[PDB]
Amino acid sequence: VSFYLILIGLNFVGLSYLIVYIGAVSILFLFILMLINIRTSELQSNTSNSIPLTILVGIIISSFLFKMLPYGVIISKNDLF
Amino acid sequence: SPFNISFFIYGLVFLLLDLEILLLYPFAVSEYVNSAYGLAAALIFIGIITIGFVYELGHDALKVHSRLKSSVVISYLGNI
Amino acid sequence: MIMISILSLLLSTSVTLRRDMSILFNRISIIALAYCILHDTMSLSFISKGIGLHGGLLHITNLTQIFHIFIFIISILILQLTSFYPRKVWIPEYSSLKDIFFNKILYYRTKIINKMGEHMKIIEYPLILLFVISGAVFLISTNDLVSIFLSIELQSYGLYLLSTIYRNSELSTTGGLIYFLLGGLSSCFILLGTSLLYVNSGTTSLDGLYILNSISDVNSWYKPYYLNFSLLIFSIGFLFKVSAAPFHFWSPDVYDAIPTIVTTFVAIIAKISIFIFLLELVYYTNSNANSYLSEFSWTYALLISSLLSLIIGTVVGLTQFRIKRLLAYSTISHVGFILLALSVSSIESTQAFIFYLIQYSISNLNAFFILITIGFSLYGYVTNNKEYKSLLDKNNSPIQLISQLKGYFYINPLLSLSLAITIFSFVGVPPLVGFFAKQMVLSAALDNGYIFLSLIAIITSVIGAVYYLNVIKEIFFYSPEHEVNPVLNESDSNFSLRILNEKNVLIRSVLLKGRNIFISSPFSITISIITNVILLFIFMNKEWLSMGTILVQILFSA
Amino acid sequence: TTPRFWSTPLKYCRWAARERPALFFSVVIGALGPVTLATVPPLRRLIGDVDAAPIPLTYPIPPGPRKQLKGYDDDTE
Amino acid sequence: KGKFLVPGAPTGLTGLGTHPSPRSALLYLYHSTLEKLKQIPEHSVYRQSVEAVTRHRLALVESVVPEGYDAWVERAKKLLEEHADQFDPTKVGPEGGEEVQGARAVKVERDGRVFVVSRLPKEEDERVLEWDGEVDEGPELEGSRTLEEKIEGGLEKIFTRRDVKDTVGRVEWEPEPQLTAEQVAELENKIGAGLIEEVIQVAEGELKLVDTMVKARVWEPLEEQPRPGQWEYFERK
Amino acid sequence: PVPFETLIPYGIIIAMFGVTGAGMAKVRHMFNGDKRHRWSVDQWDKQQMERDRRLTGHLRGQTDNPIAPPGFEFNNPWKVXXXXX
Amino acid sequence: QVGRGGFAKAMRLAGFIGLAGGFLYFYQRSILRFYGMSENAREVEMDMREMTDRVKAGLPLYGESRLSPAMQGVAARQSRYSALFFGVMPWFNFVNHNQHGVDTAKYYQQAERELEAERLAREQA
Amino acid sequence: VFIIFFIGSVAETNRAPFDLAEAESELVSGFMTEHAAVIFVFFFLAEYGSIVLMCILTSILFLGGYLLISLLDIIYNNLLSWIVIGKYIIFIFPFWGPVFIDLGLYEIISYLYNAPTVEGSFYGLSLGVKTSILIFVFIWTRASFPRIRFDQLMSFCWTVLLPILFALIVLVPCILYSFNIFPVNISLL
Ligand SMILES: CCCCCCCCCCCCO[C@@H]1O[C@H](CO)[C@@H](O[C@H]2O[C@H](CO)[C@@H](O)[C@H](O)[C@H]2O)[C@H](O)[C@H]1O
Ligand SMILES: CCCCCCCCCCCCO[C@@H]1O[C@H](CO)[C@@H](O[C@H]2O[C@H](CO)[C@@H](O)[C@H](O)[C@H]2O)[C@H](O)[C@H]1O
Ligand SMILES: CCCCCCCCCCCCO[C@@H]1O[C@H](CO)[C@@H](O[C@H]2O[C@H](CO)[C@@H](O)[C@H](O)[C@H]2O)[C@H](O)[C@H]1O
Ligand SMILES: CCCCCCCCCCCCO[C@@H]1O[C@H](CO)[C@@H](O[C@H]2O[C@H](CO)[C@@H](O)[C@H](O)[C@H]2O)[C@H](O)[C@H]1O
């Protein structure tokens, strides 16, 4: 996402994301996660059950929120230049 | 084994101050237009984030610092 | 003045590590909040629907200042809980002006007054409340989307910190964790809603959005569908923060886990700021002209929330046995009445909305003070019940079960009638103040066509009255399981109290038993002022109701 | 041993300069900024060091009615 | 300036700090030592050796007297007499009380001599001292609690402790006058065993040995003879 | 005495920094039409070079003629993009 | 029931808050007469005199600002009616902008009528 | 600010005397396990290249960067007897009438000075000479001091250096305002 923004001209904020998230937030996340004892099987839930609810909520949110976005964001056979 | 809390404090105090200095870099590349009014606002912003820095200095949150006469006094009174 | 207070208090608590120095920092937080009341009180000499200040990012309104002062006083009353010791020792020998002003009493006060109790030791507790108050009084006066977001986070983040400040309780840290994780998801919803507003309107100013909605409301290429869709996501986050069903499962758990001192503040302050902010947003998003715009009115989510909150809050509370879980559900049934008055946007509904919010914030406060005072009262009592032995955090929440209140009428009769007068006000029985609040909300709804919801509301009010009576039956219909401590009155057990004078010379010595230990005056006086307001409102109603009639006369004026 | 600021203000300042130098002189330098704002600018206006006019950052349009020019017309082309 | 030794100032020996009252400590230890020697028979050379040496040092210690001692002792005699119950080990324990933030004294008798053992609250910075140093036992138990739990929580201590400021029935014990720094040096030049504080270290060692010398009865005949050829090595002839 | 052997590597580093600056100044010179390269270029400088291309064909080309040559009116470049905006 | 130095520390903090709240209240009491939210008959006369005395002296009515006309307009929008938000946020005007919400024709009109009065007196004698 | 930056730049590179944290790994390895930076030149070229890069950036910010103090300004001020005959007489006390060859040297020397290769060369030899001087000061620092414990370096950063820096963050823009010296932030230079 940082590169996507730099690529479209938003260098300061794209560099700000780099300095702030990758630089400092994810580092604090790495500290805590490499010191808390984590048994990787107690965090594992039966994901296969939630496929139908993934199917349902994916359609409903996508179908509604997309109409809300403005024309300029969804701007991307005669193609407009 | 328990992990030391100072690891958390290193990341947190960095995370906040690093966000704070980031908010000042626009001021340094906009000084001529900002002039006196911009300076005053930035001084106020610098002052607020400084007071929170003297709080961790005052409490050793970084836990970097913090690294005899006898009370028993006898008196002689003599024979009974 | 709230900002000068936080910085000065922060500097002082930053250079000290002494925990004995907390009671005095809470007293200054009460004096600090008194200067803020003197400043907002003097800022009420104008008529306006609003004045945009500080570049338009803030606004000031007559309704904005009144609520700023109400917030400051509700804050000064909760602060007393941490500014005065829970119990006091009083003797008629030291009760006059000459004594309380020029003489002094000396005794071993530590175990009587709980000097080193937990709530008397956190030094940052007066400061964290002052940062919550700051976010609340900013949310009231926000004129921009970013300002709303930055204010709601300032208030939300400080509520999480207050809920985790008892660091040595497994319950408190659990509750702060539930609050932050469900609160953070609520904030995404508030942020999503504002983002979709700016991305479709090009503006972050509320007045520009109000005018774009004003011009659309007329009975082709750019339908303004986003405003009602954006504000419906936006209100979902604010519905969670006020714990309206369906987004209510978090409040019973968080309110029961954190200490009772803390649940006074957290369970009052966030609703006052969130509900005042929503009222201005409902007034200017109204569709005067019946068009397709009003079919997707965002206010329908509040109508469904209110309907669901009336049912859930009164039905689920029937089987609660924990008093703080009971009171959490009772608050959900009261936001179902607040939410109906907000949803019907009429002159009568707004006046009834303003009354209901103030009086309910005042009465649920009495319900929290009475509970905390009863907990402190049992210091001279003992019990042999096997169930009370196994309770958790018996120091952070002394009263946890409704059965621990059995036969309190036998221990303290007027404290029991204060809790009766307050609970009957929640039921809505006349002549009590809470009747005159539900009367106004029902009359507003009936006058404007909400007959169906009114019948639902009066039905659930019967259901919700069932669990309120169970509390009353438990305090009065039975004999206590708590007996006086036998050692406190042993005839041989007395504590010596010395009366001195100005130049520290003994005036008298006195022998005192546990019969000479009472509740502290700040708690007793506060309880009696609010119980009396609930009981005597029918004789003192003109200034309170007239303030609301004038306030809604301006919001609707022109 | 170590003094107390509110009992002996001058005596604390000497101890802090000697015993907590980085901390003491931080508060000193921070105070010099507030002083330098208060002092030099009036003294500069006393010695006649006038602040430079601002540089233009937009087209400098002059005020008043248009001058009704005559010259450089289509016929001259 | 240097008329008196600062208590707890370093002596030059690491870990050994200047004694607050060196003369009375040494007197207390000697007399206490002489009292425990009566558990030992008269014909033991150990007791005679310890007795003679202890009395020899006891004489030189008593040879020096702090200035104002006669004046101070007369007041202290009366102050004990009229307020004996304040300083009684049977009333206020071996410690002079439990309020460690208040002054604590106790009258102790050894070998026909009277001593007061006053324990003084530690001098700490006001910027770090919470509640004037009153020990924190924890919060009071609150809520529904049993009779037994309240007792083990200390409730009966309400009717026993006192406010540290409550000083009406009590009188302040005034300390003994000290030797001068030059007087201490003269004490050292007589005893001839180094620093005064180092003499107290040896003197309180002689006090501890008597307990072991009595329990083992070192004056009794030889326990285990050397069986023949036990201490024989490789000597010629 | 001076231990020039230890000093030999430092001279190597100075020679490498010299070669980068030496060789980079010359490649840019030739790239820019045997004239010195532009540095802190803003939107104005870039558009000015675009109009230089319009008059001469080279972004660095310079001409002092008062009249623009025929066709100059239609060679104004309007850029077209597919995505960003 | 605090320790030895705790009340002296608190007295200092309560004292700063008192000087803080005390000055804000004093300033807010004076500035509401400017806003028209308090009886201000006295200050209307003192305002009319000074502002007219400035016009006839050729002075800028509200003084000269080292700030840009645009920074003067930002300053003015920040401080207009801001003493009304003192209980939450402190702000003060220290800029010489000319945006003060009032139609300044009256000061000029009264200067003109006062100049025409003095000129006749000089011509009379 | 420069000294703090150079000291901060040694600590940032993990270089000695600020390397005790990564130093203590070799002392607790034990009799069962070992390190992983073993056959890899990557973390060594990553390390040396970050030291060189922290030296070039330190020179960019506080030393001249590529700025050579030009002596061609000094010769202009001193010389005043310009001669069109190529004599190039100088109005100085050690001066005389030089015999510099116009056909051979002056024509050639003037052209080489303005060459794109020569001027670029001096700009990079300047930056190189300055980076190398700082590379010396890193190596000299490692050979001069013992190591600092991790808590002590943390105290240095958080209770000494950063307080001074935040004090200077206040003061510097305050002086630039007091002497009308805020630079323009448009593209000039
Ligand atoms: C403008 C730039 C300003 C920069 C900062 C200016 C100075 C402000 C910071 C210092 C303020 C005083 O804050 C003071 O800090 C010291 C050092 O941690 C603390 O020090 C004390 O407590 C800590 C924590 O138990 C102990 O490790 C330490 O041994 C003890 O002396 C004090 O409790 C605190 O009162
Ligand atoms: C137990 C409850 C007891 C009663 C509690 C409530 C009593 C206080 C209610 C006061 C508010 C209504 O009363 C009135 O409202 C209006 C509008 O807000 C305000 O009126 C104010 O503005 C006008 C308009 O310029 C000014 O001229 C007037 O001098 C000023 O008082 C005041 O606030 C108050 O005079
Ligand atoms: C239970 C309900 C809880 C409600 C909480 C909020 C209550 C708010 C009550 C205060 C309302 C305003 O109360 C008002 O205060 C200001 C304070 O200067 C004063 O009002 C006065 O202001 C200025 C002087 O400062 C005068 O020019 C003005 O004519 C006069 O009205 C009066 O005392 C009162 O009219
Ligand atoms: C503030 C502006 C900064 C501008 C310049 C930024 C340059 C950043 C370059 C980062 C390159 C990697 O950074 C560098 O990585 C290497 C390998 O992981 C580390 O080096 C590490 O491994 C080597 C062994 O191989 C050890 O001798 C060294 O002690 C250890 O720390 C350096 O400590 C680190 O500085």
# chains A, B, ... in the order shown; residues from 1 in each chain; ligands from 1
>>> closest_atom_pairs(of="chain G", to="chain E", cutoff="9 Å", atoms="only C-alpha atoms", output="tab-separated table")
residue	atom	partner	partner_atom	distance
G:1	CA	E:131	CA	7.3
G:2	CA	E:131	CA	5.5
G:3	CA	E:131	CA	4.4
G:4	CA	E:132	CA	6.5
G:5	CA	E:126	CA	6.4
G:6	CA	E:127	CA	8.7
>>> write_last_selection(atoms="N, CA and C atoms", output="compact mmCIF listing (two decimals), in the first residue's frame")
# COMPACT_ATOMS: atom_id res chain seq x y z
N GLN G 1 -4.59 13.35 55.79
CA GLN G 1 -3.78 12.30 56.48
C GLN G 1 -2.53 12.04 55.66
N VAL G 2 -2.14 13.01 54.85
CA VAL G 2 -0.96 12.87 53.95
C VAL G 2 0.31 13.05 54.76
N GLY G 3 1.47 12.74 54.17
CA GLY G 3 2.77 12.91 54.78
C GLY G 3 3.21 14.34 54.92
N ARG G 4 4.51 14.56 55.15
CA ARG G 4 4.97 15.86 55.63
C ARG G 4 4.87 16.94 54.57
N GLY G 5 5.37 16.68 53.37
CA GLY G 5 5.37 17.75 52.40
C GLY G 5 4.23 17.78 51.42
N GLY G 6 3.27 16.87 51.54
CA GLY G 6 2.27 16.71 50.50
C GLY G 6 1.33 17.89 50.37
>>> residues_near_ligand(ligand="ligand 4", cutoff="6 Å", atoms="only C-alpha atoms and all ligand atoms", output="ChimeraX atom specification")
/H:13-15,43-44,46-47,50,53-54
>>> write_last_selection(atoms="C-alpha atoms", output="mmCIF file, in the first residue's frame")
data_model
loop_
_atom_site.group_PDB
_atom_site.id
_atom_site.type_symbol
_atom_site.label_atom_id
_atom_site.label_comp_id
_atom_site.auth_asym_id
_atom_site.auth_seq_id
_atom_site.Cartn_x
_atom_site.Cartn_y
_atom_site.Cartn_z
ATOM 1 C CA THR H 13 24.955 1.109 13.451
ATOM 2 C CA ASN H 14 25.238 -1.214 16.558
ATOM 3 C CA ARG H 15 28.978 -0.405 16.437
ATOM 4 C CA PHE H 43 24.961 -9.105 7.027
ATOM 5 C CA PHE H 44 28.637 -7.978 6.773
ATOM 6 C CA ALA H 46 24.817 -4.730 5.089
ATOM 7 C CA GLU H 47 26.848 -3.630 8.168
ATOM 8 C CA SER H 50 25.403 1.184 6.586
ATOM 9 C CA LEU H 53 26.191 5.447 4.298
ATOM 10 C CA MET H 54 25.970 6.992 7.795
#
>>> closest_residue(among="F:46, F:82, F:34, F:74", to="chain A", atoms="only C-alpha atoms")
F:82
>>> atom_distance(atom1="CA of residue 15 (chain D)", atom2="CA of residue 1 (chain D)")
10.3 Å
>>> interface_residues(of="chain D", to="chain E", cutoff="12 Å", atoms="only C-alpha atoms", output="PyMOL selection string")
chain D and resi 1-5
>>> interface_residues(of="chain B", to="chain A", cutoff="8 Å", atoms="only C-alpha atoms", output="MDAnalysis selection string")
chainID B and resid 3 7:8 11:12 14:15 18:19 22
>>> residues_near_ligand(ligand="ligand 2", cutoff="10 Å", atoms="only C-alpha atoms and all ligand atoms", output="VMD selection string")
(chain C and resid 41 to 48 61 to 66 70 358 to 359 529 to 530 532 to 534 536 to 537 540 to 551 553 to 554) or (chain G and resid 36 to 39)
>>> write_last_selection(atoms="C-alpha atoms", output="mmCIF file, in the first residue's frame")
data_model
loop_
_atom_site.group_PDB
_atom_site.id
_atom_site.type_symbol
_atom_site.label_atom_id
_atom_site.label_comp_id
_atom_site.auth_asym_id
_atom_site.auth_seq_id
_atom_site.Cartn_x
_atom_site.Cartn_y
_atom_site.Cartn_z
ATOM 1 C CA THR C 41 -21.602 29.652 33.157
ATOM 2 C CA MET C 42 -20.459 33.042 32.012
ATOM 3 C CA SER C 43 -20.569 31.987 28.339
ATOM 4 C CA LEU C 44 -24.407 31.849 28.279
ATOM 5 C CA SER C 45 -25.392 35.453 27.313
ATOM 6 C CA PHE C 46 -26.502 34.969 23.662
ATOM 7 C CA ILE C 47 -29.072 33.368 21.354
ATOM 8 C CA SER C 48 -27.857 31.327 18.408
ATOM 9 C CA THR C 61 -24.479 26.616 21.315
ATOM 10 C CA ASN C 62 -26.676 27.357 24.355
ATOM 11 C CA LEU C 63 -27.375 23.567 24.432
ATOM 12 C CA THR C 64 -23.561 23.028 24.136
ATOM 13 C CA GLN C 65 -22.659 25.100 27.249
ATOM 14 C CA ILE C 66 -25.512 23.771 29.464
ATOM 15 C CA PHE C 70 -23.806 19.390 33.458
ATOM 16 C CA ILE C 358 -30.326 14.892 32.663
ATOM 17 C CA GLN C 359 -32.601 13.271 35.227
ATOM 18 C CA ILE C 529 -29.672 15.806 47.837
ATOM 19 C CA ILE C 530 -30.556 13.489 44.910
ATOM 20 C CA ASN C 532 -34.858 14.606 47.752
ATOM 21 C CA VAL C 533 -34.764 15.919 44.130
ATOM 22 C CA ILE C 534 -36.408 12.637 42.925
ATOM 23 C CA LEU C 536 -39.777 16.573 45.633
ATOM 24 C CA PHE C 537 -39.619 17.397 41.845
ATOM 25 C CA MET C 540 -39.617 22.397 42.051
ATOM 26 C CA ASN C 541 -40.195 21.767 38.318
ATOM 27 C CA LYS C 542 -40.404 25.270 36.713
ATOM 28 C CA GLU C 543 -36.682 26.184 36.153
ATOM 29 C CA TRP C 544 -35.544 22.681 34.992
ATOM 30 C CA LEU C 545 -38.384 22.132 32.451
ATOM 31 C CA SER C 546 -38.393 25.825 31.298
ATOM 32 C CA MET C 547 -34.644 25.576 30.467
ATOM 33 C CA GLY C 548 -35.495 22.683 28.122
ATOM 34 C CA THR C 549 -38.477 24.505 26.545
ATOM 35 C CA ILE C 550 -36.214 27.544 25.775
ATOM 36 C CA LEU C 551 -33.400 25.323 24.513
ATOM 37 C CA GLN C 553 -37.283 26.851 21.082
ATOM 38 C CA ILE C 554 -33.895 28.019 19.666
ATOM 39 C CA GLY G 36 -22.152 42.766 23.509
ATOM 40 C CA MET G 37 -23.067 39.994 25.983
ATOM 41 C CA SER G 38 -22.736 42.347 28.996
ATOM 42 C CA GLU G 39 -23.807 45.956 29.615
#
>>> residues_near_ligand(ligand="ligand 1", cutoff="10 Å", atoms="only C-alpha atoms and all ligand atoms", output="PyMOL selection string")
(chain B and resi 46-47+50-67) or (chain C and resi 11-18) or (chain D and resi 20+22-33) or (chain E and resi 127-128) or (chain H and resi 155+158-171)
>>> atom_distance(atom1="CA of residue 134 (chain C)", atom2="CA of residue 151 (chain C)")
8.2 Å
>>> interface_residues(of="chain F", to="chain H", cutoff="7 Å", atoms="only C-alpha atoms", output="ChimeraX atom specification")
/F:10,13-15,17-23,25-26,29,40,42
>>> atom_distance(atom1="atom 16 (C, counted along the ligand's line) of ligand 3", atom2="CA of residue 15 (chain G)")
24.3 Å
>>> closest_residue(among="G:44, G:59, G:32, G:13", to="ligand 3", atoms="only C-alpha atoms and all ligand atoms")
G:32
>>> select_by_dssp(residues="region 295-504 of chain C", states="helix (DSSP H, G or I)", output="number ranges by chain")
C: 295-296, 299-319, 323-343, 347-380, 388-390, 402-405, 408-411, 413-427, 433-447, 451-476
